[PDB]
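Written below as C-alpha cells is the structure these notes are about.
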Amino acid sequence: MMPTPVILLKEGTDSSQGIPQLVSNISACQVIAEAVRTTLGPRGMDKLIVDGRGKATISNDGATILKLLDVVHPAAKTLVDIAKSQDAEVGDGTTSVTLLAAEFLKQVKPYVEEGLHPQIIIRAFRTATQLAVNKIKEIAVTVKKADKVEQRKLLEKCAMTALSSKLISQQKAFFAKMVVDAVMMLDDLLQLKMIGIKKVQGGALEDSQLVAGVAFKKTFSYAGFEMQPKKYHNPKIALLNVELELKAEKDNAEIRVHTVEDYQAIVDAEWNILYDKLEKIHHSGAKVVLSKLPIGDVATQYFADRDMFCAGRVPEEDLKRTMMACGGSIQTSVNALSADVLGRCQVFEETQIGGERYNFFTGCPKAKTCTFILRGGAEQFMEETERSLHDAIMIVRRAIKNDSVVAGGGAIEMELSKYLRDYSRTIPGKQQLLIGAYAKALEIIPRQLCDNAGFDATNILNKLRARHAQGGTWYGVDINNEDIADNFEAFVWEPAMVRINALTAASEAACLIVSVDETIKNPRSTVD
Amino acid sequence: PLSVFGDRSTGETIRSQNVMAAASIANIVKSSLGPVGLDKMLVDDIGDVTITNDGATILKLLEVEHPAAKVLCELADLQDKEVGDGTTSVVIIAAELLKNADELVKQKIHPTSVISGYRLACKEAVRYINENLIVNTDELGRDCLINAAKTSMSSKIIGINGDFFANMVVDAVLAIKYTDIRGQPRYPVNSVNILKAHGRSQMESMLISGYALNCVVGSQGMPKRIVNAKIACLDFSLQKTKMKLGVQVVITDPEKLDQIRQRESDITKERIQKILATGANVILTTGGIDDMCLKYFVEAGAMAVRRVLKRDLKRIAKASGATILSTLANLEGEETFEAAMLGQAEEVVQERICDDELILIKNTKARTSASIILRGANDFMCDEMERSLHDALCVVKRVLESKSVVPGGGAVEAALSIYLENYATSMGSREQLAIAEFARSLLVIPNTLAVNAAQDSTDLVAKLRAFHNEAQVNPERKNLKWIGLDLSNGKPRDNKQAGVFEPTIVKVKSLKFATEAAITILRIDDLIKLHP
Amino acid sequence: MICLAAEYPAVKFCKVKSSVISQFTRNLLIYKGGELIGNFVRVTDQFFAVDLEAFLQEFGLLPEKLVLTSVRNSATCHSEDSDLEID
Amino acid sequence: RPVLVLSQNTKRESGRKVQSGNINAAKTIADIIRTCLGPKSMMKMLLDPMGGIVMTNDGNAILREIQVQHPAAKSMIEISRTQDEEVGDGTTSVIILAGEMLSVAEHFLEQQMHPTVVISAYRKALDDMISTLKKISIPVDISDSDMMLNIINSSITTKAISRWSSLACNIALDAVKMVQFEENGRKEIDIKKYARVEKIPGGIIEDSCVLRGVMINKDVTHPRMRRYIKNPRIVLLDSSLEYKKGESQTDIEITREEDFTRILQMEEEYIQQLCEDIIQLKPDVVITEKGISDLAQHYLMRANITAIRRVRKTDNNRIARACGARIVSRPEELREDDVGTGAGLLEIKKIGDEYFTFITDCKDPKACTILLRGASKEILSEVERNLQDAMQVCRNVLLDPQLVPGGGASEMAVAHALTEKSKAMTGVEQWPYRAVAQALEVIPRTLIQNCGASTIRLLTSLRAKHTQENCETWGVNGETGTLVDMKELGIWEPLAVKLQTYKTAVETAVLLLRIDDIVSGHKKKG
Amino acid sequence: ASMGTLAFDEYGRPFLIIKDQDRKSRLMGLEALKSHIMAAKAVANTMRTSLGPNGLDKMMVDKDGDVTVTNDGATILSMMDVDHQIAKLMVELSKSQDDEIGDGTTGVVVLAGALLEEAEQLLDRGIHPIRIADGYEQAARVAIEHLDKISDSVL
Amino acid sequence: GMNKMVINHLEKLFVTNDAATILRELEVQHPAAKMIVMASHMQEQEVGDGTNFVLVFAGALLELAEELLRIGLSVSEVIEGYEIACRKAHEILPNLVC
Ligand SMILES: Nc1ncnc2c1ncn2[C@@H]1O[C@H](COP(=O)(O)OP(=O)(O)O)[C@@H](O)[C@H]1O
Ligand SMILES: Nc1ncnc2c1ncn2[C@@H]1O[C@H](COP(=O)(O)OP(=O)(O)O)[C@@H](O)[C@H]1O
Ligand SMILES: Nc1ncnc2c1ncn2[C@@H]1O[C@H](COP(=O)(O)OP(=O)(O)O)[C@@H](O)[C@H]1O
Ligand SMILES: [Mg+2]
Ligand SMILES: [Mg+2]
Ligand SMILES: [Mg+2]
Ligand SMILES: [Mg+2]
Ligand SMILES: [Mg+2]
C-alpha cells in the first residue's frame, strides 16, 4: 500500500477479504459451536456463565448459552441468530442448529481453501436442504385417526423426549404428564401467557404441582387482613380494576366551601363514596375480591367485618389468568356487578408454600389456564426447570398443531445422510462432492451424542450406517445400552418440524456465511 | 492445586494450537510453490530488504515464537541442508499431515494408531516410489541433467533464463567432478565460487573455466596480467619479523642495535628472495603483506595478493597443483622453497567488473575448477540469483550422484495418494483411517500448484487422480504414471516426455522428514509454559 | 554519528528518545560490553563529524584505524566439502 | 502475549495491494526526477543531513540523497546506483523506463493475467530490443578527434557545463586519452584512480585545464629548498626518513657514561646513512608518504634536494604514473631505473592563500589532474560530476566503437520494430509485449514535455514518421520541440549506454513484478 | 485451561469472537468438577463442626462491624461473603432448607459435601457424572422409602 | 456478486451486495469519492437500481481520463469528448430497446 496523503476511508477502518477471511469465518463458527457442543443429548452437561455484575446462570439450553455469550464476531453472530430463530419458531433444537451449521461449514472448508467458487457450494446446500426437507416430510410417521388416547400418548412421548436432556430428566414422566395436561387445558390459541409458572424456593422436584386453576403470591396485605377467613367452599370472585381507598376524587379536583356544615358534609361525602363502592361490592354476593389497583386498610377492615376476602395490587397477568379460570370479567366500575361478571371456583384457599403464602383457586371445571408451581433448592435450579418446561410446552404445542413425528437419537439424520449420499452418487460430480459433504456433516448429531455419552463414536456410526444401508429407518443411538436400537420402538419421538426448521436454518446460515467474501469494520464513534 | 508458576494447556486446546501454528507456517510459504509461484519481499526493520522464493531462507528470516512453528522451520532448514531442494514442499506436507492427523484425533482415534498408520504409509510410499516411479537417467544423458536443472530453476528469478542457466549449471557441476576411493563419482558442490556483481543483464553472466578471486593486487606497481603463472600459495604473513613473547631483546653494547634492526627485516627479505628465486609469478597469502615486501614483489615483476580467504586459497592450491605452505621449514631444519610446491595456470588476470576489479585464475592445470560471476540489476536480484543457482547446483548434484529421477508436477503425489488409499484397505482396522488420511494429505502439493495458477484445482486434481487410477488398474496403461500438471495451460500432461524431473532423494527425504515432524508434534497433548 | 557510522562498522551507533527512558530534559552515552565507558552529557558546552571523531579519540574510546568489494562474495559457512582431486 | 505464532511486530500484507503499492512507489520514484531529463532540464537543491547543499540535476545524485521507506523505492534507487556505476550515463532514463514498464504491467495485473506471462513477454521484448539496438547502430572512428568531441558534447549538452562545452569536451577527451594504459597485453583506462579532479574555489571556469602531470596541495618541508626545478629527477618513497622503534621489545641497559651519547650519535648516523643512500642516485625531488626528520631535511638540502612529506598513497601512485617512477620502501635498494625521469617542470606556487605543488610538464604521462576553478564549492562539485559523466562516456565509446542515434530516435525505432515483430505473434503474451514496446515512447514524451511543446501532436508526428523505411534517426529537438533528423542535429549516444539502460529497466520491472507478498518487523537475527 | 482460547487466525489476521475475551477465564470438564468439589468440600467441612449438641458456634462479622454469634447453618451461610458460585449454591441450599422446614439447615450442607467428596473419587475412576447423579437419585429414593418405613406417629 | 459484512460506527452489521447500501455504511472521507457516492445515491433515489453501474462507470471513465491526461490531452478536451460521447450514447440507447 501507499500513504495516499488524503485517504478514502477514515483511520481505524479494518478490511479483510479473500479466502483467508472466509476460512476465519468458518473457524469462528466452529468455536461458537464448540462453546455449546457438550450440552446435547441425555448425557449433556450444563454450562455456567457469570455476567458482569456477578450473577451466575446455569443452563443446558443452547439458545440461552449463546445469548449470554457476548459474541462480537460478525460471522459468528449468525449462529446465535439462527439458534434464537429456532428457539422462537420451534422451541427445541437450539443446540442442533449451531452444530449442523458449523459442521456444514467445516465440511466445505477444504473445498473453499482450494478455490472452489462459493456459489457452487450455495447451490449444493440449497439442493441438499430441499431434498432433505422433502424426505423428512415423506417419511414422517403420522396417525390419521384422531384417537384421544393415542394422541395423548404421542404428546407425552414427545414431551419426555424433549425433556430427557435436562436436570429434570430423572422425573421426566411426571413433568411430561403435567405439561401435556397444561397444554390440553388451553382452549384454542395455546397462548404461553395462559400457563403461569411460579418458582418457590425449597422442596423437592416431586413437590412441584400443576394447579387446575390459578395461583399467585400474597400481595402486601394491610391491617385487618389476618381477620379475614382464608378458606371458602363455593366463593363468588369479584374481579375488579378499582382503587378501594380514601383519596382525592380527581387529581385536579378542588373543593371550595365557606361553612363548617359544608366541611362536615364533604368529609361525610368522601366516606359515603367509599362505603357506597364497598356496599355495592358486598351486595354483589361475592366472597373474594381481587383488584389490580391498591385496596386500602379501610376496605380491608370493611371486608373482614363481613367475613370476606380481599387482595389488592394483584398483577394484571394473574387477574387475566383468574378471569380465564373462574370465568368472570374485570370491571373498572362497581356500578353494575351483575351475576354474570362474577367468577366462580369450587375452593379458594390460602396456604403456606416454603415460607410464602399463595392463594389457590381450584375446582374450576371450565378453566382455560393453568399455573405451574415449581420447587427447588436454588433460584437457578428453578430457572433451569422453567426453561426445560418451556421447551417441553413448546414441543407439545407444536405436536398439537400437527402430529407428525420422526424418531430421534440421530436416526432421522442417519437416514437423511444415506438418502443424500445415494442421490449424490447419481450426479455429474462437481455437485456430488458437496452433497456428499452435506451428508457427512449430517452425521454430527449421533457422533456428538456418542462423544457426550462417552462411547466410541466411530463404531456406533459404522453400525448405524450399516443398519440404515440394509433397511431400517428409525435406528439411532441407545445411550443406556452403549449400542444402537430402533428409536421408534424406544419412543424417542420428535416432531418433524423440529428437524425441518433445524435443517432450514442451518442451511440458510451456512449459505449466508459462505456468500460473504469481504468484511469491513468502521471505527466506533464517540470514543470520548 | 499444582501451584506451578506458569500456564498450562491440556487436551484438544493444545492440539488445536499446534495445528494452528503449523497451518500458519504452511500458509506463509504456500504462495511460493511451483512455476506460477511468486517471490516474497522481507524487510529486516532496519531497512535491509531481502527478496526470495526459497522456503528455508524465508523461515530462517522470520521471527518464530511457537514451538511447533519452530519445529517446522527447523524441518525446512534440515531439508535444505540434507538435500537442497523441496524446502517448501516438505513444510507444506508436514503441516497438512498434522492437520489431517488432528482431524482424525478429534474423532476419538487414538494418536498412537495415527502415528503407526503414518509410519506404515511413509514406508509403503517410499517402497512404491522406488519400485515404480523412478526413472533411470543412464539412457537419458545430458538432457536429463538439463531438464532437472530447468525444473529446479522454475519458480525462481532465473526461470525463463533457464535455457542458458541450465547449461551453465551443468557445465559448472561437471567441471568439479572427481572420483574418490571405491570408484564413486563425487561432485563437491560449494567448491564452485559464486561471485555476484550488479550491472549487465542476466544473459551475459560469466562461467569461469578456472577460479575467481574477490581480491586485487596489493599495490599498483605489480602487473595485472601474467600469462604463464606460477602460483605460490602461502599461509603466513609477509611482514617485518617480530620475536614471540618468550624472546626479548636486551642491549648492553650499543654497537649491535643497528645490526639487530637490519636483521629484523632482512629475515623477511631473505624469505621473499628464496620464494622468488624459484620462478614464482603469482603469490597468494592468507596473511597480510606490508610495504617493503610489496616493493620486493613489484621489482621482481610478480603478483602479490594478501588477505586471501582460506577456502579460496585451498581451492586454488588444489586446482593449480600448488601446496599450502604455512612455513618454509623442511626436514633438515633449514629454510628452503622448492619449485615442486608451485602451482601453474594458463593465465591470471585482474578483470574489471562494474567499476570494481577481481582476479581470474584462468585454466588451472592438473585439475579443472569452475566459478560463476552473476550479473544482475541490483544486490537483491543478485542474491536471489545466487540462491536459485545454489538450488540448481544441489539438484544437479543429487541427480548425478543417485541416477534415479521422478516426474514432477505432482504426478508422484497423485500416484502415491491413489496407491496408498487403495493399500489402506489391505490391512489394519483403525490405522486404515490414518493411511487414508496420509494419502489425502499427499494431495496438498498438486492442489497448491493449481491454486497458484488460478486454475480449477478440483477438476485438475480429479483428472490427475483418474489418470493415475487408470494407470494403477489397467496393466497396459502403466505409461500414465508420468501424467503430471501443465500449469501453463492448466491441463494434465505427461511430464516424463515434457522434461519435468526431480531427484528421487528429494521426495524420499521430504516424506521421511515430514512424517517424523508430524509424529513429533502429534505426541503432545499437554503444554506447560513457565513464566520467565 | 551518521557520517561516523560509515567508517566504524564495528560500532552500533543508535539513538533513543529521552521520554521513553524533566530534570535532565529542561536544559552522548558510550557503552562497551555492557559497561559504561563514556558519559559525556551536554556536549554542546565542550560541531562537525571530524570534531566529534577527534573528541572521542582524544579520550581513547573510538577504535584506532578498507577496499570495496564488487557487491559481496560470501554465501554461508559450513562443511563446504571443497574439491579433493583423487587419482 | 498469548500464542503469537509470529512476533508481535511482524506485519504481513499480500495480494493485489502489494503489487499496486510496489508499482505506485516505482512511479513516484520516477516522478521525482521526471523533470530532470533532457537539454532543457532544471536543477534541484538537495539538503544534506550533515548540513551541506547538493545542487544538481543528475538522476543518481538526486536519488542517492533521498531516504525512502518503501522497499520498492529502495530497489529503484539501487537501480539508479547500478546504472551510474556501470556506464556512468543514462541514469534518469533507466528510472523513467522502469516506471513506465511497471505502469503498463500494472495495466495487465489489474486483469486476470498472471505475472509470469508478463515477465516472459518482457524478456522476449528485451531480447528483441537488444537485437534492434545492435542493428540500428553505427560505428565510430576513434582516431577522429572531432567526432569524439561531438560525442562528448552530445553527452554533456544536458548538464550545466554545456555552456563551456568545447572546453569540457577537450578536457575530458585529453584526460581519457592520456590516462589510457597498455601493459602485459592488458588494456585499461582506470579513470577512478588516475585522472584525479582537483577543484579550487575561485577564479573563472574558463581557466580550468588538465595538466600534463599531477598537482597536489603540498609545500616544501624547508623554505631553503627550491620551489622551481627545471628538469627534476623525482624519487618516491614509502618508509619514513626518521628513526623509529623496532617491532620487538628492545630495552637497553646503559652502565658506562658514554653509551647514551653513543646511542644518540648512532641515531644521527643512521639518518645520515639513509640520506646518503638517497643522494647516491643524485635526485632533485624526494616524495614520501610518511614523515621526514629535520636532520634528514638538512642532509637532503646539503645535496640541493627538494623534499615533500606526508603525501597520500593515491597521490603518490598518480605521481609515479605521471613521471614514470617506482615507489621504493628501502632506500638502500634504490636503483637507477626507479628514479623518475620524464617530468619536465616542478613548481611550488601559491594559489589564493595555500601552496600547491605542480609537476606539470611530463612527457607521455599516464596520469593527470584536472584543475577546476569556479565560483563556489557546490558549482565546482556539479562541474566535477558533469566532467565525470563526460569521461565515462568517452571511456565507453573508446571500449565500444558503436554509436546510436539519440533524442528519442532510438526508442521510437525500437518500439516500431517490436510492434511489427509482435504483429505476427498470435498469442496471449502479445499484448504485454506490445505494451512494453510502446512504453519506450516515454523518453521522447519526456523530452517534449520538458521542452514545453505539444506532447500528443509531436508524438503522433514522430510515430507516423518512424513508419517509413529510412527514418530510424528521426527524433525530437529538445530545444525547439520539433522533429529533426539526428544525422543533422548530431546527437548520438554510445550503444553500451542504451543497452545497459534497457537491460536494467526491463530487469527492474521483472524483479518488482515477481513479488506479491511483504513481511516486515523481524530483527536481523545476526 | 484459562483465559479462554486465542488463535489470531492462521493467516495472521486479528481473530476476535467474544467481547473482552482476553480478560475472561474458562474452566472445562474434569478440572471444573474438581474445583467445584473442592469448594463444596471446604464449605461442608466448615459447617460440619457446628453439628449436634456439642457443635460450636460461628461468630460472624458483617461489613458494618456488627457481630452475630450463631449456630444456625442457614444464618451462617447467608451472612458469609463468598465469590465461588458453588459456595453460593450451598448458601441457597441452606436457605431453601430453612424455608421449607426451618430445621436441619446444617445437615443438608454436610450431606451435600460428603456426596460430592465421594463423587470426586468416583469420577477419578472414570464414571460419567450423569451416571453418578442417577445412582444418587436411585439411592435417595431407596432412603426416602426406608425413612417412610421406619417412621413413627405421635399425638 | 459476493455479499459484504459492514460494521458501521454503531456496531450495526450489514450483510448485502447493494452498492448504495454498502456506500451508505462506509465512512468515505475523500471529497471526490464523496461526490461519486452522492451520484450513486441520486441514481438510487431516482430509479432504485444501477448504483453499482454508476460507480464502476465513473471509475472507468476517470481512469481513462487519467490515461488521456498522461498521454497529453488537456482536461477541457477530455471533458468535451466525454460530453459528446454521452450525448451520442443517449441518442443510441433508444435504438437498443428489444
Ligand atoms: N432417550 C434418548 N435417546 C437417544 N437420544 C436422545 C434421547 N433423548 C433425546 N435424544 C437426542 O438428543 C438430542 C438433543 O436434544 P436436546 O438436548 O433435548 O435439545 P437440542 O436438540 O436443542 O440439543 C436430540 O436430537 C435427540 O435426538
Ligand atoms: N515446469 C513445471 N511444470 C509443472 N510442475 C513443475 C514444473 N517445475 C516445477 N514443478 C513443480 O513445482 C513444485 C514446487 O517446486 P518449488 O517450490 O519451486 O521447489 P522448492 O520446494 O524447492 O521451493 C515442485 O514439486 C515441482 O514438482
Ligand atoms: N540537443 C538535444 N536535442 C534533443 N534531445 C537531446 C539533446 N541532447 C540530449 N538529448 C537527449 O536527452 C537524453 C539525455 O538526458 P539526460 O538529462 O542526460 O539524462 P541522463 O543523465 O539519465 O542520461 C538523451 O537520451 C538524448 O537523446
Ligand atoms: Mg431438546
Ligand atoms: Mg525447488
Ligand atoms: Mg545523461
Ligand atoms: Mg436442628
Ligand atoms: Mg441492481
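Convention: chains lettered A, B, ... in C-alpha cells order; per-chain residue numbering from 1; ligands numbered from 1 as shown.
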Within 7 Å of ligand 5, counting only C-alpha atoms and all ligand atoms, which protein or nucleic acid residues do you find, written as a PDB file with N, CA and C atoms, in the first residue's frame?
```
ATOM      1  N   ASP B  85      16.776 -28.992  -2.057  1.00  0.00           N
ATOM      2  CA  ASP B  85      15.583 -28.647  -2.813  1.00  0.00           C
ATOM      3  C   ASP B  85      14.354 -29.184  -2.095  1.00  0.00           C
ATOM      4  N   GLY B  86      13.186 -28.730  -2.542  1.00  0.00           N
ATOM      5  CA  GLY B  86      11.939 -29.146  -1.930  1.00  0.00           C
ATOM      6  C   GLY B  86      11.753 -28.662  -0.513  1.00  0.00           C
ATOM      7  N   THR B  87      12.222 -27.454  -0.203  1.00  0.00           N
ATOM      8  CA  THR B  87      12.110 -26.932   1.154  1.00  0.00           C
ATOM      9  C   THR B  87      10.696 -26.472   1.483  1.00  0.00           C
ATOM     10  N   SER B 152      14.304 -27.300 -11.537  1.00  0.00           N
ATOM     11  CA  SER B 152      14.695 -26.708 -10.263  1.00  0.00           C
ATOM     12  C   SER B 152      14.653 -25.188 -10.326  1.00  0.00           C
ATOM     13  N   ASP B 391      20.406 -23.769  -5.443  1.00  0.00           N
ATOM     14  CA  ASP B 391      19.386 -24.813  -5.509  1.00  0.00           C
ATOM     15  C   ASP B 391      19.571 -25.683  -6.747  1.00  0.00           C
TER      16      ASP B 391
END
```
Requested in this report: Find the residues near range 476-489 of chain D: any atom within 8 Å, counting only C-alpha atoms, skip ones fewer than 4 places away on the same chain, and give them as JSON, numbers by chain.
Outcome: {"D": [38, 39, 40, 405, 406, 407, 408, 409, 444, 447, 448, 450, 451, 452, 453, 458, 461, 462]}
Requested in this report: Could you please extract the residues within 9 Å of ligand 8, counting only C-alpha atoms and all ligand atoms, and hand them back as a ChimeraX atom specification?
Outcome: /F:18-19,48-53
Report task. With a distance threshold of 10 Å and counting only C-alpha atoms, extract the residues of chain A near chain D and express them as an MDAnalysis selection string. Result -> chainID A and resid 1:3 18
Report task. For ligand 4, collect every residue having any atom at a distance of at most 12 Å from a ligand atom (counting only C-alpha atoms and all ligand atoms); output as a PyMOL selection string. Result -> chain A and resi 39-42+44+60-63+86-87+90-97+158-166+169+387-395+408-409+492-495+498-499+502
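Picture a line from CA of residue 348 in chain A to CA of residue 278 in chain A; it runs 21.1 Å.
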Query - Within 7 Å of range 358-364 of chain A using only C-alpha atoms, minus same-chain residues under 2 positions, as a count of residues only - result: 22
**Report entry** Site check for ligand 2: residues at most 6 Å away, only C-alpha atoms and all ligand atoms, as a PyMOL selection string
**Finding:** chain B and resi 33-35+54-55+85-89+151+154-155+408-410+485-487+500
Could you dump the residues just selected with N, CA and C atoms as a PDB file, in the first residue's frame?
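Full text of result-v9.pdb as output:
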```
ATOM      1  N   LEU B  33       5.071 -21.658  -4.279  1.00  0.00           N
ATOM      2  CA  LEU B  33       5.253 -23.033  -4.724  1.00  0.00           C
ATOM      3  C   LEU B  33       4.913 -23.141  -6.202  1.00  0.00           C
ATOM      4  N   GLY B  34       5.791 -23.791  -6.960  1.00  0.00           N
ATOM      5  CA  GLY B  34       5.532 -24.088  -8.348  1.00  0.00           C
ATOM      6  C   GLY B  34       5.868 -22.943  -9.276  1.00  0.00           C
ATOM      7  N   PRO B  35       5.899 -23.225 -10.582  1.00  0.00           N
ATOM      8  CA  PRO B  35       6.312 -22.194 -11.548  1.00  0.00           C
ATOM      9  C   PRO B  35       5.441 -20.955 -11.521  1.00  0.00           C
ATOM     10  N   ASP B  54      12.963 -19.010  -1.826  1.00  0.00           N
ATOM     11  CA  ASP B  54      13.384 -20.199  -1.101  1.00  0.00           C
ATOM     12  C   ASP B  54      12.681 -20.276   0.248  1.00  0.00           C
ATOM     13  N   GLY B  55      12.104 -21.440   0.548  1.00  0.00           N
ATOM     14  CA  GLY B  55      11.387 -21.598   1.803  1.00  0.00           C
ATOM     15  C   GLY B  55      12.295 -21.531   3.017  1.00  0.00           C
ATOM     16  N   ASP B  85      16.776 -28.992  -2.057  1.00  0.00           N
ATOM     17  CA  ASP B  85      15.583 -28.647  -2.813  1.00  0.00           C
ATOM     18  C   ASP B  85      14.354 -29.184  -2.095  1.00  0.00           C
ATOM     19  N   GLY B  86      13.186 -28.730  -2.542  1.00  0.00           N
ATOM     20  CA  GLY B  86      11.939 -29.146  -1.930  1.00  0.00           C
ATOM     21  C   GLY B  86      11.753 -28.662  -0.513  1.00  0.00           C
ATOM     22  N   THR B  87      12.222 -27.454  -0.203  1.00  0.00           N
ATOM     23  CA  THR B  87      12.110 -26.932   1.154  1.00  0.00           C
ATOM     24  C   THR B  87      10.696 -26.472   1.483  1.00  0.00           C
ATOM     25  N   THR B  88       9.973 -25.930   0.506  1.00  0.00           N
ATOM     26  CA  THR B  88       8.583 -25.550   0.733  1.00  0.00           C
ATOM     27  C   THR B  88       7.673 -26.771   0.774  1.00  0.00           C
ATOM     28  N   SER B  89       7.949 -27.754  -0.086  1.00  0.00           N
ATOM     29  CA  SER B  89       7.090 -28.926  -0.182  1.00  0.00           C
ATOM     30  C   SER B  89       7.076 -29.717   1.117  1.00  0.00           C
ATOM     31  N   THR B 151      13.874 -27.547 -14.299  1.00  0.00           N
ATOM     32  CA  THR B 151      12.757 -27.717 -13.377  1.00  0.00           C
ATOM     33  C   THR B 151      13.073 -27.114 -12.017  1.00  0.00           C
ATOM     34  N   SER B 154      12.740 -23.383 -12.213  1.00  0.00           N
ATOM     35  CA  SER B 154      11.388 -22.860 -12.322  1.00  0.00           C
ATOM     36  C   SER B 154      10.961 -22.285 -10.978  1.00  0.00           C
ATOM     37  N   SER B 155      10.033 -21.329 -11.024  1.00  0.00           N
ATOM     38  CA  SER B 155       9.546 -20.570  -9.877  1.00  0.00           C
ATOM     39  C   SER B 155      10.588 -19.608  -9.330  1.00  0.00           C
ATOM     40  N   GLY B 408       7.898 -34.662 -12.134  1.00  0.00           N
ATOM     41  CA  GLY B 408       7.444 -33.562 -11.315  1.00  0.00           C
ATOM     42  C   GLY B 408       5.996 -33.203 -11.589  1.00  0.00           C
ATOM     43  N   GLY B 409       5.611 -32.026 -11.109  1.00  0.00           N
ATOM     44  CA  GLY B 409       4.263 -31.542 -11.332  1.00  0.00           C
ATOM     45  C   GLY B 409       3.197 -32.269 -10.549  1.00  0.00           C
ATOM     46  N   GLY B 410       3.562 -32.895  -9.434  1.00  0.00           N
ATOM     47  CA  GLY B 410       2.590 -33.561  -8.595  1.00  0.00           C
ATOM     48  C   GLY B 410       2.163 -34.933  -9.056  1.00  0.00           C
ATOM     49  N   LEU B 485       1.122 -32.160 -14.014  1.00  0.00           N
ATOM     50  CA  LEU B 485       0.327 -30.956 -14.207  1.00  0.00           C
ATOM     51  C   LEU B 485       1.090 -29.986 -15.095  1.00  0.00           C
ATOM     52  N   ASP B 486       0.427 -29.495 -16.138  1.00  0.00           N
ATOM     53  CA  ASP B 486       0.980 -28.462 -17.011  1.00  0.00           C
ATOM     54  C   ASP B 486       0.332 -27.144 -16.606  1.00  0.00           C
ATOM     55  N   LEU B 487       1.063 -26.343 -15.832  1.00  0.00           N
ATOM     56  CA  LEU B 487       0.490 -25.137 -15.250  1.00  0.00           C
ATOM     57  C   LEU B 487       0.319 -24.016 -16.265  1.00  0.00           C
ATOM     58  N   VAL B 500      10.077 -32.592 -17.106  1.00  0.00           N
ATOM     59  CA  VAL B 500       9.929 -32.111 -15.738  1.00  0.00           C
ATOM     60  C   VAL B 500      10.343 -33.248 -14.814  1.00  0.00           C
TER      61      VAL B 500
END
```
Report task. Excluding residue 284 in chain A and any residue of its chain fewer than 4 positions from it, enumerate the residues within 7 Å of it, using only C-alpha atoms, and give them as a PyMOL selection string. Result -> chain A and resi 280+337-338
Requested in this report: List all protein, DNA and RNA residues that have any atom at most 8 Å from ligand 6, counting only C-alpha atoms and all ligand atoms, and write the list as a PyMOL selection string.
Outcome: chain D and resi 37-38+58+89-93+155-156+158-159+389
Requested in this report: Give me the residues within 12 Å of residue 429 in chain B as JSON, numbers by chain, counting only C-alpha atoms and dropping any in the same chain fewer than 5 places off.
Outcome: {"A": [458, 459], "B": [109, 113, 114, 116, 117, 424, 434, 435, 436]}
Preceding selection exported with N, CA and C atoms as an mmCIF file, in the first residue's frame:
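Final file, result.cif:
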```cif
data_model
loop_
_atom_site.group_PDB
_atom_site.id
_atom_site.type_symbol
_atom_site.label_atom_id
_atom_site.label_comp_id
_atom_site.auth_asym_id
_atom_site.auth_seq_id
_atom_site.Cartn_x
_atom_site.Cartn_y
_atom_site.Cartn_z
ATOM 1 N N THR A 458 -16.947 -43.885 16.460
ATOM 2 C CA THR A 458 -16.673 -44.500 15.165
ATOM 3 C C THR A 458 -17.434 -45.811 14.998
ATOM 4 N N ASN A 459 -17.366 -46.691 16.000
ATOM 5 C CA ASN A 459 -18.038 -47.983 15.892
ATOM 6 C C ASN A 459 -19.550 -47.820 15.827
ATOM 7 N N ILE B 109 -9.990 -41.078 17.650
ATOM 8 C CA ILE B 109 -8.970 -42.022 17.211
ATOM 9 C C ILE B 109 -7.696 -41.755 17.999
ATOM 10 N N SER B 113 -2.424 -44.917 17.139
ATOM 11 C CA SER B 113 -2.866 -45.539 15.897
ATOM 12 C C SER B 113 -2.565 -44.646 14.701
ATOM 13 N N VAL B 114 -2.773 -43.337 14.850
ATOM 14 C CA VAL B 114 -2.468 -42.405 13.769
ATOM 15 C C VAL B 114 -0.980 -42.426 13.450
ATOM 16 N N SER B 116 1.193 -44.897 14.009
ATOM 17 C CA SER B 116 1.518 -46.163 13.360
ATOM 18 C C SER B 116 1.083 -46.159 11.900
ATOM 19 N N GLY B 117 -0.118 -45.648 11.625
ATOM 20 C CA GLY B 117 -0.574 -45.557 10.250
ATOM 21 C C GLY B 117 0.299 -44.648 9.410
ATOM 22 N N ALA B 424 -4.574 -49.007 1.957
ATOM 23 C CA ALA B 424 -5.022 -48.895 3.342
ATOM 24 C C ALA B 424 -6.036 -49.972 3.700
ATOM 25 N N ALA B 434 -5.755 -43.716 9.260
ATOM 26 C CA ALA B 434 -4.518 -42.945 9.254
ATOM 27 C C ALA B 434 -3.825 -43.019 7.899
ATOM 28 N N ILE B 435 -3.775 -44.209 7.300
ATOM 29 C CA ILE B 435 -3.154 -44.345 5.986
ATOM 30 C C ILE B 435 -3.955 -43.586 4.933
ATOM 31 N N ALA B 436 -5.286 -43.655 5.010
ATOM 32 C CA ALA B 436 -6.118 -42.915 4.067
ATOM 33 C C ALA B 436 -5.904 -41.412 4.206
#
```
Query - Shortest interatomic distance to chain B - which of A:192, A:520, A:274, A:112, counting only C-alpha atoms - result: A:112
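Distance criterion 12 Å to chain D, applied with only C-alpha atoms, yields residues 2, 3, 4, 5, 6, 7, 8, 9, 10, 11, 12, 13, 14, 15, 21, 22 and 23 of chain E on chain E.
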